[PDB]
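A.B. asks: Handing you a structure now.
Here, each number is a calculation from the coordinates, and none is a lab measurement. Heads up, the Cβs are rebuilt from the backbone with ideal geometry, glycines too, and the neighbour counts pull from every protein chain shown.
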Amino acid sequence: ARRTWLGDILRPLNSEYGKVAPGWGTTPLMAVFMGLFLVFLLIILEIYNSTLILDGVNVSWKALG
Amino acid sequence: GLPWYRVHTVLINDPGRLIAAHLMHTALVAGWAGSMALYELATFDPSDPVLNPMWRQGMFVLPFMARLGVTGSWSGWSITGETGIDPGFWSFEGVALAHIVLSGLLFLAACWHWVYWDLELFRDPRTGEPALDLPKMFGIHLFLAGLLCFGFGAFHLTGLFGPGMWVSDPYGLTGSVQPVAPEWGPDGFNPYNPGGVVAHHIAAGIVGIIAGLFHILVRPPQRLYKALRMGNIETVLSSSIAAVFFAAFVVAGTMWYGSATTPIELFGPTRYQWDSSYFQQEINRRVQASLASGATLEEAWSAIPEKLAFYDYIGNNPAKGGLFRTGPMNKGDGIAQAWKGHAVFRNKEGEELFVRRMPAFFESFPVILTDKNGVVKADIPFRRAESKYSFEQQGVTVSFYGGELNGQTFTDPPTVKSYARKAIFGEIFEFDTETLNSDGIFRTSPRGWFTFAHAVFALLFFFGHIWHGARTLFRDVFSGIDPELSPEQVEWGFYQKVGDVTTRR
Amino acid sequence: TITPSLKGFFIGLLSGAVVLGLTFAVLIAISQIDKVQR
Amino acid sequence: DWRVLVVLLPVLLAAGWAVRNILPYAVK
Amino acid sequence: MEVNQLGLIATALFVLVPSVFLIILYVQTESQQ
Amino acid sequence: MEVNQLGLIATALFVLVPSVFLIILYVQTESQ
Amino acid sequence: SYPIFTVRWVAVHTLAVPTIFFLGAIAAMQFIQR
Amino acid sequence: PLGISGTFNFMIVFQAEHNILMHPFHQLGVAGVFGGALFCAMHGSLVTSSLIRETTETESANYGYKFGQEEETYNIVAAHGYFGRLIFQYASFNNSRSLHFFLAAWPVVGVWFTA
Amino acid sequence: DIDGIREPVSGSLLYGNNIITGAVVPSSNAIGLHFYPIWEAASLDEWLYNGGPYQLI
Amino acid sequence: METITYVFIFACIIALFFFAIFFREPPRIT
Amino acid sequence: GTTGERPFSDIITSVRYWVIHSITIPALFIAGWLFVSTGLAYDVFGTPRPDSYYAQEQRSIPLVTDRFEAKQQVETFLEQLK
Amino acid sequence: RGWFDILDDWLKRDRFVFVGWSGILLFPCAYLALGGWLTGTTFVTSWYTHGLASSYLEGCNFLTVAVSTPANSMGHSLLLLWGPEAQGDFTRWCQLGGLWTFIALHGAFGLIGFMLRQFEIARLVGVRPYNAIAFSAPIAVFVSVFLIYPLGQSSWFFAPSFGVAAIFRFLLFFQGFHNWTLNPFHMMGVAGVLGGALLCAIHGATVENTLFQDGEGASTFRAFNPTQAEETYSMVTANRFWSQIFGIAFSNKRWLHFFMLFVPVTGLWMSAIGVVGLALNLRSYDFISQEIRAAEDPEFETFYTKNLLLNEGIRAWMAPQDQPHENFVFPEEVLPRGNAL
Amino acid sequence: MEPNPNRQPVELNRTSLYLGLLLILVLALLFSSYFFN
Ligand code: CLA
Ligand code: CLA
Ligand code: CLA
Ligand SMILES: C=Cc1c(C)c2cc3nc(c4c5[nH]c(cc6nc(cc1[nH]2)C(C)=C6CC)c(C)c5C(=O)[C@@H]4C(=O)OC)[C@@H](CCC(=O)OC/C=C(\C)CCC[C@H](C)CCC[C@H](C)CCCC(C)C)[C@@H]3C
Ligand SMILES: CC(C)=CCC/C(C)=C/CC/C(C)=C/CC/C(C)=C/CC/C(C)=C/CC/C(C)=C/CC/C(C)=C/CC/C(C)=C/CC/C(C)=C/CC1=CC(=O)C(C)=C(C)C1=O
Ligand SMILES: CCCCCCCCCCCCCCCC(=O)OC[C@H](COP(=O)(O)OC[C@@H](O)CO)OC(=O)CCCCCCCCCCCCCCC
Ligand SMILES: CC1=C(/C=C/C(C)=C/C=C/C(C)=C/C=C/C=C(C)/C=C/C=C(C)/C=C/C2=C(C)CCCC2(C)C)C(C)(C)CCC1
Ligand SMILES: CC1=C(/C=C/C(C)=C/C=C/C(C)=C/C=C/C=C(C)/C=C/C=C(C)/C=C/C2=C(C)CCCC2(C)C)C(C)(C)CCC1
Ligand SMILES: CCCCCCCCCCCCCCCCCC(=O)O
Ligand SMILES: [Fe+2]
């Protein structure tokens, strides 16, 4: 194939195709961040929906001023 | 050979020509952006942002340029009505030119990459086979996305090094590009708080940078690499499509309900502002505050800005349109010239009556006049023979306060019915129907057309998610099931666990 | 500040944890007792 | 209130009766 | 009738553009035979 | 400018029809 | 040599138990006078 | 009427004068036509799911079948084994003659009633 | 005149219909169930007014 | 102009019917 | 084939089966009946009794009209009956 | 050989009812959407949300019972049992319409669960996943009609209520307010549903009347073995029949069965897109050219103008009782009526 | 530099032509009333 100056430089960034951590690796930690993120989206959704009503948070155009 | 619906699969193992195709798409999209803006600039009337704002003239990309700070033209006008201004190079015109230049530069790059497809960079150095390290590319691209997201919030949106964004008062009367400070409190999740838009992009930007760092350095677990076929570029298509339709649903909803990022001076009122009489309440609030300090009726209504009265009119409700009623809203009810005045109906008794407003569901609606207490006191009868409540019988009159007809009173019934008919639309406006040869039928706004398109695309992309995800997890049987699949497998009770040949009983 | 609807949110969040956790405790247990033979 | 025990009683006796009648074959 | 004037160019291209696409693919399929 | 409406469709088909003819003839030449 | 309580067992009674209970309830309803 | 909007006129006035929605033979018609659309999609999806590998990924699976070939072009036991597990075993067919008769009979009978 | 009330209903393309709104309109209520072939009409103009084509089709 | 368009498309569909029946790819066995 | 559950047609013709269910089946029927006959079903679900749709000289629907006062509106409507 | 794989084993056992990982989502959600509907239809009113009886308990039969949408005053509230509206009171929740969101939401997640079940069983058995794919059509219809549509309007109140007659009212709402029959996306749906029933009937009949004689007996069903390799009917005689009867026939059994997937799936997807537009009142309501001539010309009448009088009647006669929160008062003299009726 | 090995001939048989032509003409027939409006 054709070699180029920019290619030779970017080369190491496309060189570990296939490589994996063993077994489950970091999968438990990923799971924690997912769960946190769902709760967080829940709160955002239920705020917008006026199902969760927080103090000082006026979900209306009247919060623009 | 290949069926027509598969011509583009020739790019699945050709990373260089995959790049050339993505370049060509990016060129076409940026070309459209510049072409669309030039067309809008050529057909846009800047001369009255009170009663002919951009959203009445069918402008679709103007508002997205305005939203982020592009407010003026090289011709000297700006969309706030300020005149004699000089925007420098980032005018509407300059922004459109930048995208066309970008379009053309991208097209040349696509040619290069289609020709020199066989770049050593795309080759696995162990096997010589073309291959993309998808997990590391994700970390690179995420890190760039995080940097950009951060910069956009930290510098463009704050005005620390940029223009800010369009902000406005709650009734859409005084909007302008303003630097916005981040709201780090819990009110920063209020869709209507512009500072939360700044915080979002600063914080999400840093999370992007931290997570991109994580994904450049940490390899995926083996369980996960096999589960999600992370050596198959089509799994990226499946998840990418899913994230895209998620985003399409969100933006359609915030456009329809309204958020700080869809101000009503760029996109128009929402339907909910009509449902809840939002502008009408404020208009009444302001007339009562005048009458309180003893301003005459004429004076109190004359103080109402015409821009606020125009929001209180069903013709700007984006839920009064139709699928094949094309063009700007102006093509329908005409070009608004003047607020005629607020109309007050009284019967022969001196009682003041109220026109029952049309709800968004109805293409047509009866004319029913009520008293403060809701009791029907006048209408326009369909059947005349047993009519009790006709304007003629009840002596209904219309008096105007404010506007073009301020202080004028009409008594002859065919005129009083005439304004009574327009009063179900809310406030009464003078329109020019000759100029655009307007046909008199309401059209939806850019708020409506955007929501419609993106709600529809989102749904379609969900099927692309399903198709392309099915294709990833079942690559091995795309062309058909195994001709030596034996009936002991698909029949019951041969294996304890379904499909597991090692669980044979 | 800690409003009635934010307390309900926590009641719903806890209720959800119990249902999902209780369901999974029971599923993990059954699967441990009644295994497939290889 | 009282109507709750009234309603529940046939079903407690019903699940009682089946438990007695099936208890030996369930231990196996 | 007071029908929309771009209706015609809309219909003509709606028909012609995808029809021509298919015709192109078919003819060049047959000359491979 | 008050131009002719059919001018657009006359121009478009004037381009479209003969062009498509040549494209059909060229592509099937190449695939044989 | 047949288990009594199985997954199948629970699916059936999940459905059958409240069906009959609802059936008795709707039966009584036929006798309500206004 | 012999026209598209004329048809809608006829079906609107029919409902005002006959409350056809609340007539049980029209409800069987819906069940006949909804049901046949369902089973159309089922049979076509189940057969298509159990095509035997005969082609490559650069070619339409349809060239796996040659007009008048003697052997079946899908595996009906793989199909039975999928759908029987989707619901339960005996809610799925494995006599192709009974399956196609059922396909024929459901929409025909439901449309008889709505007629 | 589908409903016998001398209120003719336009069904055809040259008379301001499109593909969606066009129809061959049913024959006149004045005829009821009577058989109305062409040769029973005094002219084709009459037969067209009263909806003869629908019965023929 | 719209009438000419509706009738033209209809006439093209009728023409396609003719070719699709009399000028179909003939089904051949095994 | 079969998965090792006991066949239905074997169960429902067995004696032990009909010894249990001749009790469980009527008992559930009777329990459900009483749920209605005692009037508990009205109270659990909030379903108006035939005498409690309207106040006597009243013909307006007690229709909920506020989102957050909704609970109290139903309850005020109910006191207008007692 | 950790706890995950041991649970995966137990979920994927071959039993009378396969469970899978997808059963964890499907089975509670399907059971609860279904229980909610039977619970509501047997016991729960609509007096306070709609001014309607809707339960068996109240005197309604199978055709008139419904779990009805909440009041228009709830907007698009999730109406959670523990949320600010019912505040954890199960009785008030039922009275306020909470079972509608319950059913619709557990329905949505059930439909996901079911589709994941189709993926899961197809992967384990070794077949292509086109049954799941086809099932995207019922999902599009459900979400667009029951979720997307009311979300574009003011409230859940205007979603369809879960009942036989309540759905009938929904059908007639859409005629009078949206002129939904005039909508081409619905027309393509109609053509896909009816095209499906057509193809279903014609394909079953063709197979059954081109059968090979593979047994002696008069019941031709017995002469099929699920494991025979031979096709059980003559594709060749079927092709000739239909070529000479209709002018064209199928010749490719793989195309035929894909076409049976394609047609009804597509048609449903098309009607879904049209409902999405109706969410925004982006109706296919009028033809402008017709209204222009009609207004100028009192002798011009089409079946199109006739049907809008009908929709105008529907609106004025149905709206006060169907939208009671609006307190529509239409005195006799304003109701559109023709002569005598 | 070697010529690209990923090229592939595309095919449209005569029946697919008839089908697609019919789809486009019937689609045109349906939507035209709505484009003229
Ligand atoms: C997300 C995309 C998007 C959105 C929301 C808009 C929105 C808008 N545009 Mg823009 N526009 C866009 C893309 C978009 N545009 C593109 C890509 C172009 C280049 C073609 C343009 C070119 C353009 C011009 C030239 C003009 C506008 C104008 C307008 C306004 C009026 C639109 C109107 O009446 O639509 C009408 C919408 C329809 C008629 C719907 C068409 C969809 C049909 C029904 C479907 C097609 C059939 C399909 C094949 C179905 C079968 C599929 C099945 C077989 C599977 C509006 C604000 C106008 C304006 O007001 O300018 C100031 C104007 O004059 N736009
Ligand atoms: C970024 C999104 C994306 C990308 C890169 C792809 C890419 C691909 N798809 Mg997926 N797809 C997507 C979204 C996407 N798809 C979505 C949203 C859906 C649901 C509609 C699908 C549904 C889908 C199916 C059902 C199939 C594919 C297939 C394919 C492959 C071949 C496509 C081909 O040759 O088309 C060829 C297309 C043409 C020659 C012309 C089609 C013209 C269309 C009908 C209308 C005109 C488009 C218009 C000009 C531009 C769109 C504008 C708007 C989107 C902005 C290719 C890998 C095929 C496959 O897997 O092969 C193995 C296949 O069978 N796709
Ligand atoms: C998997 C099955 C399943 C699914 C998907 C749902 C889904 C749903 N249910 Mg249903 N439900 C289920 C099972 C399920 N339910 C069961 C088994 C029952 C019987 C008890 C019910 C009974 C039920 C009722 C009675 C109601 C719902 C409602 C809802 C909706 C809102 C749920 C919500 O807010 O979750 C929020 C909670 C979660 C998503 C769980 C979060 C889990 C995280 C990851 C763990 C966090 C840990 C914990 C909080 C930390 C504790 C710390 C401690 C030390 C103090 C949603 C559609 C509501 C509804 O339909 O409204 C109309 C409603 O009122 N459900
Ligand atoms: C009213 C019409 C209609 C019904 C009732 C229906 C029903 C069904 N279709 C299924 C399948 C399919 N449908 C398909 C195509 C089609 N389906 C169509 C039309 C229908 N299909 C159409 C027109 C097509 C053509 C494209 C395919 C291709 C499949 C399948 O593969 C599948 C199957 O197995 O077929 C045999 C089954 C999936 C059951 C399920 O998810 O279990 C789980 C149950 C759940 C999750 C509960 C759902 C809760 C719902 C969504 C809301 C609540 C509903 C209440 C309980 C009832 C209220 C009803 C009142 C309105 C009266 C089920 C029997
Ligand atoms: C307070 C508290 C805690 C409360 C307690 C609540 C609680 C905890 C609840 C949780 C309970 C729990 C976890 C749940 C488990 C219980 C469980 C069993 C739940 C119920 C599940 C449920 C609701 C299921 C829904 C029922 C369902 C949809 C069944 C319908 C079956 C049916 C009628 C389907 C159609 C069958 C049919 C004949 C289809 C033919 C289709 C057709 C012709 C196909 C064509 C075709 C077919 C072939 O066959 C083959 C071969 C080929 C070629 C082919 O073409
Ligand atoms: C309209 C359908 C008609 C199709 C008829 C049969 C198709 C052909 C069958 C193939 C083999 C032939 C055997 C025929 C004979 C046959 O059909 O037998 C019916 C079958 C008999 O099973 P047994 O093992 O009891 O039969 C003993 C037999 O050997 C007697 O000959 O009964 C059942 O399956 C009961 C099911 C009720 C289940 C109660 C509900 C369970 C809840 C499950 C929840 C639903 C699942 C949820 C999924 C979401
Ligand atoms: C070369 C070059 C250049 C130039 C450039 C150019 C000039 C460009 C252009 C470009 C452009 C100018 C582009 C554009 C584009 C377009 C497009 C891309 C469009 C799109 C379209 C579409 C896609 C549509 C579709 C549709 C329709 C039609 C109907 C309705 C529906 C829809 C929307 C779907 C320069 C100088 C820079 C430099 C050097 C090089
Ligand atoms: C809601 C809710 C819930 C749940 C519940 C449930 C889950 C329920 C269930 C329920 C059920 C589960 C019920 C059932 C019932 C049933 C019934 C009621 C049935 C009936 C039937 C019948 C009537 C039939 C008969 C017949 C006929 C008529 C004809 C033909 C033949 C036959 C036999 C079919 C909970 C607790 C979570 C909480 C929250 C709320
Ligand atoms: C995905 C998991 C979702 C499942 C969660 C279901 C939650 C089970 C419902 C439990 C609700 C019980 C409390 C209801 C309100 C109690 C009164 C209060 O708010 O204090
Ligand atoms: Fe078949």
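A.B. asks: Take peptide L:286-298, look around each residue's Cβ out to 10 angstrom, count Cβ atoms belonging to other protein chains, and average those counts.
C.D. replies: The mean count of partner-chain Cβ atoms within 10 Å per residue comes to 6.
A.B. asks: Then there is this: Net charge within 14 Å of B:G81 by Cβ-Cβ distance, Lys/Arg positive one each and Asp/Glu negative one each, not counting B:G81 itself?
C.D. replies: So the environment of B:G81 carries a net charge of -4.
A.B. asks: Same structure again: Based on the inverse mean of 1/r over its pairs of different Cα atoms, what is the Kirkwood hydrodynamic radius of chain I, in Å?
C.D. replies: It is 11.6 Å.
A.B. asks: Same structure again: Just the number, please: percent antiparallel of the DSSP beta bridges in the protein assembly as shown, rounded to the nearest 5.
C.D. replies: 85 percent
A.B. asks: Can you check what the net charge comes to around L:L78, using other residues whose Cβ is under 15 Å from the Cβ of L:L78 (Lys, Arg +1; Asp, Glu -1)?
C.D. replies: Neighbourhood net charge equals -1.
A.B. asks: Still on this structure, I have one more. Please order D:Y25, K:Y42 by the number of other Cβ within 10 Å, starting at the fewest.
C.D. replies: Neighbour counts put them in this order, fewest first: D:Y25, K:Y42.
A.B. asks: Quick one: which residues, 5 or more positions from B:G403 or on another chain, have an amide H under 5 Å from its amide H? H modelled 1.01 Å from N in the peptide plane, none for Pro or chain starts.
C.D. replies: Answer set, sorted by chain and number: none.
A.B. asks: Count, for each residue of A:21-32, the Cβ atoms from other chains sitting within 10 Å of its Cβ, then give me the mean as a whole number.
C.D. replies: Partner-chain Cβ atoms within 10 Å, mean over residues of A:21-32: 4.
A.B. asks: Sort B:236-243, L:286-293 for me by packing, meaning the mean count of neighbouring Cβ atoms within 10 Å per residue, highest on top.
C.D. replies: Top of the packing list down: L:286-293, B:236-243.
A.B. asks: With only alpha-carbon pairs counted, each pair once and no self-pairs, how large is the Kirkwood hydrodynamic radius of chain L in angstroms?
C.D. replies: Radius from the Kirkwood sum: 24.3 Å.
A.B. asks: Be a star and scan region L:7-25 for residues whose amide nitrogen sits under 13 Å from the point 7 Å along the Cα-to-Cβ vector of A:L38.
C.D. replies: L:24-25
A.B. asks: State the percent of C-alpha pairs, over all pairs in the protein assembly as shown, separated by a distance greater than 62 angstrom.
C.D. replies: 18 percent
A.B. asks: Rounded to the nearest whole Å³, what is the per residue volume of the convex hull around the Cα atoms of chain K?
C.D. replies: Taking only Cα atoms, chain K has a hull volume of 205 Å³ per residue.
A.B. asks: On to the next question. For chain B, find the longest principal axis of its Cα atoms and tell me its angle to the long axis of helix B:92-115, 0 to 90°, nearest 10.
C.D. replies: Compared with the principal axis, the helix lies near 20 degrees.
A.B. asks: Show the residues, 5+ positions off or on another chain, whose built amide H is closer than 5 Å to the amide H of B:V355.
C.D. replies: B:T370
A.B. asks: At a Förster radius of 45 Å, what calculated FRET efficiency corresponds to the Cβ-Cβ distance of F:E2 and B:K422, to the nearest 0.05?
C.D. replies: The formula returns an efficiency of 0.85 here.
A.B. asks: Additional query: Give, as ranges by residue number, the residues of chain E whose backbone N falls under 13 Å from the point 7 Å along Cα→Cβ of F:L16.
C.D. replies: So the set is E:6-21.
A.B. asks: Mind checking the angle between helix L:98-125 and chain L's longest principal axis? C-alpha axes, 0 to 90 degrees, to the nearest 10.
C.D. replies: In chain L, helix L:98-125 runs at an angle near 20 degrees to the longest axis.
A.B. asks: Something else now. Taking beta carbons within 10 Å but only from partner chains, what does the mean come to for residues L:215-221?
C.D. replies: That works out to 1 on average.
A.B. asks: Here's another thing I want to ask about it. Which order do H:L103, A:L6, H:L38 fall in if you start with the one that has the fewest other Cβ atoms within 10 Å?
C.D. replies: So the residues, fewest neighbours to most, are A:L6, H:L38, H:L103.
A.B. asks: Along the charge dipole of chain B, Cβ charges K/R +1 and D/E -1, which of B:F461, B:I283, B:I304 sits furthest on the positive end?
C.D. replies: B:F461
A.B. asks: Return L:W242, B:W77, B:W166 ranked ascending by Cβ neighbour count within 10 Å, so the fewest neighbours appear first.
C.D. replies: Listed from fewest to most nearby Cβ atoms, that is L:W242, B:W77, B:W166.
A.B. asks: 222 nm [θ] for chain I, helices only, -39500 (n - 2.57) per DSSP H run of 4+, per residue, to 500?
C.D. replies: So the helix-based figure for chain I works out to -5000 deg cm²/dmol.
A.B. asks: Turning to a different aspect of this structure: Work out the charge dipole of the protein assembly as shown with +1 on the Cβ of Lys and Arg and -1 on the Cβ of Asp and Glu about the Cα centre, then indicate which of K:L34, M:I24, B:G162 is farthest towards its positive end.
C.D. replies: Positive-end residue among those listed: K:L34.
A.B. asks: Using the Cα gyration tensor of chain B, with a ≥ b ≥ c the square roots of its eigenvalues, what is the shape: rounded (a/c below 1.5), prolate (a/b larger than b/c) or oblate (neither)?
C.D. replies: Prolate is the answer for chain B, as a/c is 1.5 or above and a/b outweighs b/c.
A.B. asks: Show me the ranking of peptides B:84-91, L:40-47, B:137-144 by mean Cβ neighbours inside 10 Å, starting with the highest.
C.D. replies: L:40-47, B:137-144, B:84-91
A.B. asks: Then there is this: Using a cut-off of 11 Å between beta-carbons, work out the net charge of the residues near B:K497 (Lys and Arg +1, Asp and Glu -1, B:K497 not included).
C.D. replies: Once positives and negatives cancel, what remains is +2.
A.B. asks: I've got another one for you. Picking from F:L6, L:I103, L:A197, whose Cα lies most toward the positive end of the charge dipole for the protein assembly as shown (charges on Cβ: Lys, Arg +1; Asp, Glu -1)?
C.D. replies: Farthest towards the positive end: L:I103.
A.B. asks: Is there a quick way to get the dipole size of the protein assembly as shown? I mean about its Cα centre, with the Cβ of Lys and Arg at +1 and of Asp and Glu at -1; what is the value in debye to the nearest 20?
C.D. replies: Roughly 4200 debye, rounded to the nearest 20.
A.B. asks: Largest first, please: the extent of the C-alpha atoms of region A:1-51 along each principal axis, to the nearest Å.
C.D. replies: 60, 29, 14
A.B. asks: So who's got an amide H within less than 5 Å of the one on M:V10, skipping anything under 5 residues away but keeping other chains? H placed 1.01 Å off N, in plane.
C.D. replies: Those qualifying (amide H under 5 Å, at least 5 residues apart or on another chain) are B:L2.
A.B. asks: I'd like to compare E:3-11, L:325-333: which one has the highest average count of other Cβ atoms within 10 Å, and what's the full order after that?
C.D. replies: Those peptides, ordered most packed to least, come out E:3-11, L:325-333.
A.B. asks: Apply 1/(1 + (r/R0)^6) to the Cβ-Cβ distance of B:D45 and L:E332, taking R0 = 41 Å, and write down the FRET efficiency to the nearest 0.05.
C.D. replies: Calculated value: 0.30.
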